[PDB]
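# Structure assessment
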There are 2 protein chains.
Amino acid sequence: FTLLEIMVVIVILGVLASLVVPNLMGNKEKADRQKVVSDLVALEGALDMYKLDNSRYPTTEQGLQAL
Amino acid sequence: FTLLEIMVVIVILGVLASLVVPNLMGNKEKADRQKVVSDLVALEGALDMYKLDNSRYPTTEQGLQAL
C-alpha cells in the first residue's frame, strides 16, 4: 500500500516511459517544401489564365493580388 | 494538362471558328443563268446549221434530238 503500491509502480512507470519513443521532430519542415512546390505550378498555372484573357501578366506592384 | 491543355484551347477554338467566314450561298444559282444563256446562242447557232443543209429547222415532236 506504501511499498507494493509504489515500488512496483515506480518500475512500471520507468519501464513504460522508457520504451515509448514515438517519432522525430522536423517532419513538418519537409512538408513546407511541397506546400510551396504545390504553389509553384498553382501559381504559374493560375497566372497563365490571366495571361490568356488580358493576354499578359500582372505587374510587380500590381502583385498577385490582381489574381 | 487538364486546364491549360483545355481552357487555352477552348478560347483558340472559338477565336478561330469565330473569325473564319469564307463566303455566301447561292452563287451557283447565278451561274445557272449563263449556263443556259450560253446554250441560247449555241442552240440557235447550232440549229442554223441544220437550217442550212436541209434549208429548214426540225419539228417540235422531232425535237432537238434531230440535231
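Residues numbered from 1 in each chain as written, not as in the entry; some residues may be left out. Chains lettered and ligands numbered in written order. Part of a larger assembly, values for the part shown. Heavy atoms only, no water.

Looking at the method and resolution fields of the entry, one finds cryo-EM and 5.0 Å.

We now examine the packing of aromatic side chains. Tallied over the full model, the rule gives zero aromatic pairs over all chains. Note that A:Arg56 overlies the ring of A:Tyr57, its terminal NZ or CZ placed 5.6 Å from the centroid. (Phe/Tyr/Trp six-rings, centres within 6.5 Å; stacked < 30°, edge-to-face > 60°. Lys NZ or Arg CZ within 6 Å of the ring centre and 35° of its normal.)

Attention now goes to the packing of helix α2 (residues 27-53) of chain A against helix α1 (residues 4-18) of chain B. At a minimum axis distance of 11 Å, the contact between α2(A) and α1(B) shows a crossing angle of 5 degrees. With respect to α1(B), the axis of α2(A) lies roughly parallel. On the side of α2(A), the interface is formed by A:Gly45, A:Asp48, A:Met49 and A:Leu52, while α1(B) contributes B:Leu4, B:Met7, B:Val8 and B:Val11. Tallied by class, the residues present in the contact of α2(A) with α1(B) amount to six nonpolar, one polar and one charged. (Axes fitted to C-alpha atoms, helices over the stretch in contact; angles between N-to-C directions. Helix = DSSP H or I, 4+ residues; strand = E, 2+ residues; numbered from the N terminus. Parallel < 35°, antiparallel > 145°, perpendicular 65-115°, else oblique. Contact = heavy atoms within 4.5 Å. Nonpolar A, V, L, I, M, F, W, Y, C, P; charged D, E, K, R; others polar.)

Right, let's talk about the interface of chain A and chain B for a bit. On the side of chain B, four residues touch chain A, which itself brings four residues to the contact. Carbon and sulfur atoms make up 93% of the area that chain A and chain B hide from each other, which totals about 350 Å². By the criterion of area lost to chain B, the three top residues of chain A are A:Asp48, A:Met49 and A:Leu52, representing 93% of everything that side buries. Counting across the chain A and chain B interface gives zero salt bridges. Along the contact surface separating chain A from chain B lie zero residue pairs in polar contact. (Buried area = accessible area lost by both parts, 1.4 Å probe. Salt bridge = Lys/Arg side-chain N within 4 Å of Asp/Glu carboxyl O. Polar contact = N/O pair within 3.5 Å; in protein donor to acceptor, adjacent residues only side chain to side chain.)

Helical geometry note: an α-helix holds 3.6 residues per turn, so side chains three or four residues apart project in the same direction. With 27 residues, α2(A) should cover 39 Å at 1.5 Å per step; its first-to-last C-alpha distance of 40 Å lies within 8% of that length. Just downstream of α2(A) lies A:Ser55, where phi reads positive at about 60 degrees. (Expected span 1.5 Å × (residues − 1).)

All names here are of chain A. We note that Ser 55 has phi near 60 degrees; this positive angle belongs to a residue other than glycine. By secondary structure assignment, the location of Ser 55 is in the segment after α2. According to the relative accessible area criterion, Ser 55 is exposed, its value standing at 60%. (Buried < 20%, exposed > 50% of the residue type's maximum accessible area, 1.4 Å probe, protein only.)

The next thing to look at is the pattern of salt bridges. Residue and element names in this part refer to chain A. Across all of its chains, the model carries two salt bridges over all chains by this definition. With its nearest N and O atoms 3.8 Å apart, the salt bridge here joins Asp 48 to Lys 51. With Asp 48 and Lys 51 both in helix α2, this residue pair falls three residues apart, about one helical turn. What makes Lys 51 partly exposed here is its relative accessible area of 38%.

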